[PDB]
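Participant: Here it is, the structure in full.
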Amino acid sequence: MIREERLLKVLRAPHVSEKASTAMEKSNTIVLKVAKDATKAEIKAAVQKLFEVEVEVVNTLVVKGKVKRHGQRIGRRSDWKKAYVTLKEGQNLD
Amino acid sequence: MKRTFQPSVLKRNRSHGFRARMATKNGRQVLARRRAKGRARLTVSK
Amino acid sequence: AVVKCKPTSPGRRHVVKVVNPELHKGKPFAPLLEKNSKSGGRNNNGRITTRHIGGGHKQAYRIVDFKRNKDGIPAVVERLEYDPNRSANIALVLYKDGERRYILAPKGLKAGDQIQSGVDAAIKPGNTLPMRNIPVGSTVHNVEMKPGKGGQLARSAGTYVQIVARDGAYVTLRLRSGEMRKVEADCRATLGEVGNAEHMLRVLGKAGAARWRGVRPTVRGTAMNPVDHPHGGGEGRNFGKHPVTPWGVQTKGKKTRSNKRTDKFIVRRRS
RNA sequence: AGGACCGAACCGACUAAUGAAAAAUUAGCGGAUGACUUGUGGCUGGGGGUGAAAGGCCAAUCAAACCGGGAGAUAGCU
RNA sequence: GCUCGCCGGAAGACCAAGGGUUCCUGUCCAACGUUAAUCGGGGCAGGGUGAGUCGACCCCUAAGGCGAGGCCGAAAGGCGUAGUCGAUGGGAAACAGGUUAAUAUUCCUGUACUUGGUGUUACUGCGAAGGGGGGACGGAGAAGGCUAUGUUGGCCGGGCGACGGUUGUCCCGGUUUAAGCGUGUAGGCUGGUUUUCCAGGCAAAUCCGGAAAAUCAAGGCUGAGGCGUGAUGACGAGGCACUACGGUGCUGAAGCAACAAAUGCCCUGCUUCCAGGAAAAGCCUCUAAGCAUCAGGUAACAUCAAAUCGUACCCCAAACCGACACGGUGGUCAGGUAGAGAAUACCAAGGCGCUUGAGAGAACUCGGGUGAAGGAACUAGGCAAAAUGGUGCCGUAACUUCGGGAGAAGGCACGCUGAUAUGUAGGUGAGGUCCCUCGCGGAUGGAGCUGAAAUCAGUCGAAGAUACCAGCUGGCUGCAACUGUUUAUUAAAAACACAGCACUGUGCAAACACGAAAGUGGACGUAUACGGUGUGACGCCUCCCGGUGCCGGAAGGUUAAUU
């Protein structure tokens, strides 16, 4: 049982990319940005409540942040958690 | 030619890492010294 | 028996094996085993404290019974076994109550022999009884110095001790060294000689054999530089000094016994 | 069977000529089931360690490591 | 894009470590790249790493570390018990195909497994910080059974030759398929089952151990591979539609047999040797306190569960360690022809041509080739080169520790074709036939397949171990017995070590060594042991105690603190 507030705080954003689009169209899998601390079950619960849609499963991964250079100064981007959420057959998401 | 530095992360940490420094007095003093100096990287710890 | 090996290679030429067929060809009695890791002759400080130790073969520790307390139960010898931990041979024995123990194999002992500890026990090889019960003039081995402690004298492959006298509460032993020593008459001892007497006839025959026995090579002090050893230095071969240890103490004769607590028990020193 | 033999890997380094290289190259060379070799981890600390002993090795540093301090040592010398 | 060339036990493929975006796409060429650069491991932007079963985490422990109390220590602190950490070792589970520009045992397709809960009905002794078993273990050797894999034939598809021939004994390609489940074989280990008792296993034990007694000779455990299923599937040479020339979608034959065969598996096996070969948990089992008709246990069935972190890329290197786009770096994979071979040569798969080129064709330098006549005259020295080089057979001295020396030395044969023998000796081994406690069985049988070595006859060359590969040999002699070790980076030796010998110490709280100490090593050893010193296989051997040491003695002289 996950608290509603925590659920709301889990999901950061949808991830738009060619691979993501492909996953959406073919495998019925949405690619989300989520809280780095968010576990799989949590993510799933939040999906179910906040997008109102059945989940088969969640795969997660951690994206490491790129090192960049603004002018002369070096600086690193934040790491962030990606989640492939596979949605039950026939589940159409807005 | 096998040069002197043959890196190994675990070995590095055990030898020089934060906890090792903490464990003994002298290490703690080293830490304090480095803090006083203003070191950004207090220890080998990544 | 001893066996001079044929010289099919140098390093095999001078080899003499000591082969006992009666030993157990098989894995030892595992319950009595336990771990025994190697020191390298280095103490808890991590410093080398005794030179020339190192390496050698992995060895288990057989749990030998030197205290020998199963009084009244008769035991029978199952087999003789190779112990890597000692110059003697060990014997796996089976008490009538079902317990097994390892003991020093005495001279005449073999499979099927019955042995017994206790005051009542019979005065025959392998039997163990207090030295007040043991007749004077007998050879014994595995001798306790303190009652109840466990045998400490005469454990090596072909040793034994002579009880020369029993004077009241003490008996006087003739140690293998030739030292005459008083010992409390209630201390325990095993009849007969310890077994593997032709152990001394073996000859290693090559450097590697010594290494196998965990012995690192020995460097002569005279071969060193002065900073290392008292004997060091000298252009060519020089030795113009009295022999000494690496720590400067005289070696060829100077006595080093300092124990004033046990002086009383030494009847006569060895010669 | 073998601290056995010939011989690749592997370990070394006797001869030779010649910066890509703060010790290498090529051609040959020794050992190659053992006192072998090797990975990972561990322990031994400086008048201390370790040393099949050469004063060898102890982070390209060793008849006393490196870092910091006494310290602006002292210098009838340049 | 077509040729050429190089690697191919690697200069290919996959990992660990280490690195940390170098990966992919677009874009730019100031700087970086030893030149140019449209290119890049460079700049900028965007994208990319998907796990119940892989790894970490986690349970267990080794060396070792820390260490409540504790012991010790001016202080700091040292050692260490109970404990707790510590992999490089032990511990549950997944395979095949398809897919991305870039991930995949992680996505998808199919087919599996695991171990937890929870709920069930069925039953009914469960229970540990304890007992027992197990886990659990060396080197070498030898085979036998296998597979990986390869070759040939068969089959299927395609072909009929840019130049003489090529419808055949011709040419090219393909002929693959997992874990899992069932079977329990080649083979290995062990005698089983029941009953009775017992000073043992810190207590108890129905368990282990030990005694007896009965009865049956088959009982159990283990075990590669094969076979069956998995699979009416997938994949499949290439054909056929579209084409952003990158590719996408449809489609799809055969898919067998024999032989050979590992260093891989059975094998943690067997045989043997001495130098005598981790631990703990998981796992099985036994009970104790307990509880007692509850819980707990096992039984299937249902459901839920498996979190977290890693997953890109390089990884014998241009990405790690070397200041560099410069030698070092552990593991796994191991095709063909020749070959003993993981050597060597040429090749496959795959990957590269080493990030300055173009000319010229002096000296001189480097690395190579050949050389009349001589053949060590060179030189400190045959340094370096040259030479030898294989298999089989013949043959082989002194001396010897009887093993050696010895590959001593020195010689002969060696290609191809035919015949012996349309392919032999051998190896393998199908049908058929017989037996049978019935199977992965046993006999007989020999088809087919494979296949040396030799002899005889012929034949070509200057040459047949034709290339690569591949000992130079002998004689006298010093030193060291020998195999070993050594000055990382001018010394590899006659130096060190060595087995052996001798002396000497040391009676165990050993001597000694590290430690203001506690303690630790010595050693879980005990004089057939340990320490120190010298000598140094083996053989024949091996006067002086005055000096200095050490050992013993203590009559006298001298002699501290103290008084």
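Identifiers for the structure tokens are assigned positionally: chains receive A, B, ... in sequence, residues are indexed from 1 per chain, and ligands are indexed from 1 in the order shown.
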Contacts between chain B and chain E, please, where a residue of chain E counts if it comes within 10 Å (with only C-alpha atoms (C1' of nucleotides)); show its shortest atom pair and distance in Å to one decimal, rows by chain and ascending number, as CSV.
Facilitator:
```
residue,atom,partner,partner_atom,distance
E:17,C1',B:8,CA,7.3
E:18,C1',B:7,CA,6.6
E:66,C1',B:23,CA,9.4
E:76,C1',B:25,CA,9.0
E:320,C1',B:7,CA,8.8
E:321,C1',B:6,CA,5.9
E:322,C1',B:3,CA,6.5
E:327,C1',B:1,CA,5.3
E:328,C1',B:1,CA,4.4
E:329,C1',B:2,CA,8.2
```
Participant: Based on only C-alpha atoms (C1' of nucleotides), which of the residues in chain E come within 6 Å of chain C? I want them as a list in words.
Facilitator: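 The answer, sorted by residue number, is residues 200, 209, 210, 275, 403, 482, 498, 499, 504, 513, 520, 521, 526, 527, 528, 532 and 550 of chain E.
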Participant: Could you list, as a list in words, the residues of chain D having an atom within 10 Å of chain C when counting only C-alpha atoms (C1' of nucleotides)?
Facilitator: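 Residues passing the distance filter: residues 1, 2, 3, 4, 34, 35, 43, 44, 49, 50, 51, 52, 53, 54, 55 and 63 of chain D.
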Participant: Find the residues near residue 391 in chain E: any atom within 12 Å, counting only C-alpha atoms (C1' of nucleotides), skip ones fewer than 6 places away on the same chain, and give them as a list in words.
Facilitator: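 Non-adjacent residues within range: residues 340, 413, 414 and 465 of chain E.
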Participant: Keeping only C-alpha atoms (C1' of nucleotides), write those residues as a PDB file, in the first residue's frame.
Facilitator:
```pdb
ATOM      1  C1'   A E 340      53.796 -35.096 -33.306  1.00  0.00           C
ATOM      2  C1'   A E 413      66.727 -45.292 -46.719  1.00  0.00           C
ATOM      3  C1'   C E 414      63.302 -41.255 -47.844  1.00  0.00           C
ATOM      4  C1'   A E 465      63.698 -35.025 -44.148  1.00  0.00           C
TER       5        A E 465
END
```
Participant: Find the spatial neighbours of residue 132 in chain C, counting only C-alpha atoms (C1' of nucleotides), within a cut-off of 8 Å - ignore same-chain residues fewer than 5 positions away - and output them as a list in words.
Facilitator: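 Contacts, in chain order: residues 166, 171, 185 and 186 of chain C.
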Participant: Using only C-alpha atoms (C1' of nucleotides), find the residues of chain D whose closest atom to chain B is at most 12 Å away, then write them as number ranges by chain.
Facilitator: D: 21-24, 40-42, 59-60, 67-68
Participant: Near chain E, meaning an atom within 8 Å, which residues of chain A appear when counting only C-alpha atoms (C1' of nucleotides)? Write them as an MDAnalysis selection string.
Facilitator: chainID A and resid 17 27 39 59:61 63 66 83:84
Participant: Please return, as a list in words, all residues of range 93-217 of chain C that DSSP assigns to helix (DSSP H, G or I) on the basis of the backbone.
Facilitator: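 Taking range 93-217 of chain C and keeping helix (DSSP H, G or I) gives residues 197, 198, 199, 200, 201, 207, 208, 209, 210, 211 and 212 of chain C.
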Participant: For residue 458 in chain E, please output as an MDAnalysis selection string all residues within 12 Å (counting only C-alpha atoms (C1' of nucleotides); exclusion window: fewer than 4 positions along the same chain).
Facilitator: chainID E and resid 416:419
Participant: What separation in Å, quoted to one decimal, exists between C1' of residue 229 in chain E and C1' of residue 113 in chain E?
Facilitator: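 If I compute the distance from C1' of residue 229 in chain E to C1' of residue 113 in chain E, I get 17.3 Å.
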Participant: Going by DSSP on the backbone, which bits of range 34-91 of chain C are strand (DSSP E or B)? Write them as a ChimeraX atom specification, please.
Facilitator: /C:34,42,48,53,61-62,64,71,74-81,90-91
Participant: Write to file, as an mmCIF file, in the first residue's frame, the residues of the selection just made, with N, CA and C atoms.
Facilitator:
```cif
data_model
loop_
_atom_site.group_PDB
_atom_site.id
_atom_site.type_symbol
_atom_site.label_atom_id
_atom_site.label_comp_id
_atom_site.auth_asym_id
_atom_site.auth_seq_id
_atom_site.Cartn_x
_atom_site.Cartn_y
_atom_site.Cartn_z
ATOM 1 N N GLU C 34 41.520 -31.541 12.108
ATOM 2 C CA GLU C 34 41.131 -30.142 12.133
ATOM 3 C C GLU C 34 42.186 -29.296 11.443
ATOM 4 N N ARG C 42 56.314 -16.619 11.627
ATOM 5 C CA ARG C 42 56.040 -15.219 11.892
ATOM 6 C C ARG C 42 54.970 -15.130 12.969
ATOM 7 N N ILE C 48 59.073 -12.061 11.229
ATOM 8 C CA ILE C 48 59.683 -13.377 11.302
ATOM 9 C C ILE C 48 60.337 -13.505 12.667
ATOM 10 N N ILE C 53 61.662 -21.189 8.252
ATOM 11 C CA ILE C 53 60.359 -21.804 8.113
ATOM 12 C C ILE C 53 59.634 -21.139 6.964
ATOM 13 N N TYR C 61 45.688 -31.367 10.858
ATOM 14 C CA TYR C 61 46.116 -31.675 12.216
ATOM 15 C C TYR C 61 45.287 -32.839 12.722
ATOM 16 N N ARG C 62 45.932 -33.985 12.866
ATOM 17 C CA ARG C 62 45.335 -35.098 13.576
ATOM 18 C C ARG C 62 45.286 -34.738 15.049
ATOM 19 N N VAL C 64 45.781 -36.001 18.205
ATOM 20 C CA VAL C 64 46.395 -37.080 18.963
ATOM 21 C C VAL C 64 45.970 -36.969 20.417
ATOM 22 N N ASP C 71 40.215 -44.668 31.226
ATOM 23 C CA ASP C 71 40.647 -45.663 32.190
ATOM 24 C C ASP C 71 39.628 -46.791 32.286
ATOM 25 N N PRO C 74 38.876 -51.198 27.621
ATOM 26 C CA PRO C 74 39.902 -51.693 26.704
ATOM 27 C C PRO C 74 39.640 -51.211 25.290
ATOM 28 N N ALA C 75 40.716 -50.873 24.598
ATOM 29 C CA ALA C 75 40.632 -50.424 23.222
ATOM 30 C C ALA C 75 41.397 -51.405 22.350
ATOM 31 N N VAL C 76 41.056 -51.430 21.069
ATOM 32 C CA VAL C 76 41.739 -52.275 20.106
ATOM 33 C C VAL C 76 42.181 -51.420 18.935
ATOM 34 N N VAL C 77 43.349 -51.743 18.396
ATOM 35 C CA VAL C 77 43.988 -50.904 17.394
ATOM 36 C C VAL C 77 43.361 -51.228 16.047
ATOM 37 N N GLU C 78 42.786 -50.215 15.413
ATOM 38 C CA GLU C 78 42.215 -50.394 14.090
ATOM 39 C C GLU C 78 43.286 -50.360 13.016
ATOM 40 N N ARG C 79 44.156 -49.359 13.058
ATOM 41 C CA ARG C 79 45.129 -49.194 11.996
ATOM 42 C C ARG C 79 46.197 -48.214 12.442
ATOM 43 N N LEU C 80 47.307 -48.248 11.724
ATOM 44 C CA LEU C 80 48.369 -47.270 11.862
ATOM 45 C C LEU C 80 48.274 -46.276 10.719
ATOM 46 N N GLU C 81 48.620 -45.028 11.000
ATOM 47 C CA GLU C 81 48.389 -43.955 10.054
ATOM 48 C C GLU C 81 49.586 -43.025 9.968
ATOM 49 N N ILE C 90 50.996 -42.664 14.061
ATOM 50 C CA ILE C 90 49.840 -42.647 14.932
ATOM 51 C C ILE C 90 49.030 -43.902 14.671
ATOM 52 N N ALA C 91 48.242 -44.277 15.669
ATOM 53 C CA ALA C 91 47.407 -45.463 15.607
ATOM 54 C C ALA C 91 45.981 -45.081 15.948
#
```
Participant: Which residues come within 10 Å of residue 125 in chain E, counting only C-alpha atoms (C1' of nucleotides), excluding same-chain residues fewer than 3 positions away, as a list in words?
Facilitator: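 Using only C-alpha atoms (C1' of nucleotides), the neighbours found are residues 292, 296 and 297 of chain E.
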Participant: Print the selection's residues with C-alpha atoms (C1' of nucleotides) to a file, as a PDB file, in the first residue's frame.
Facilitator:
```pdb
ATOM      1  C1'   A E 292       0.128 -30.400  23.572  1.00  0.00           C
ATOM      2  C1'   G E 296       4.707 -26.301  13.510  1.00  0.00           C
ATOM      3  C1'   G E 297       5.991 -30.285   9.959  1.00  0.00           C
TER       4        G E 297
END
```
Participant: What's around residue 23 in chain A at 9 Å? Count only C-alpha atoms (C1' of nucleotides), leave out sequence neighbours fewer than 6 positions away in its own chain, and write the answer as number ranges by chain.
Facilitator: A: 29-31, 84, 86
Participant: Quick check, in Å to one decimal: how far apart do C1' of residue 61 in chain E and CA of residue 31 in chain C lie?
Facilitator: 19.0 Å
Participant: Just how far from CA of residue 13 in chain A is CA of residue 92 in chain A, in Å to one decimal?
Facilitator: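 One can read the CA of residue 92 in chain A to CA of residue 13 in chain A distance as 17.8 Å.
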Participant: Find, counting only C-alpha atoms (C1' of nucleotides), the residue in E:348, E:68, E:378, E:488 that gets nearest to residue 57 in chain D.
Facilitator: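 Closest candidate: E:488.
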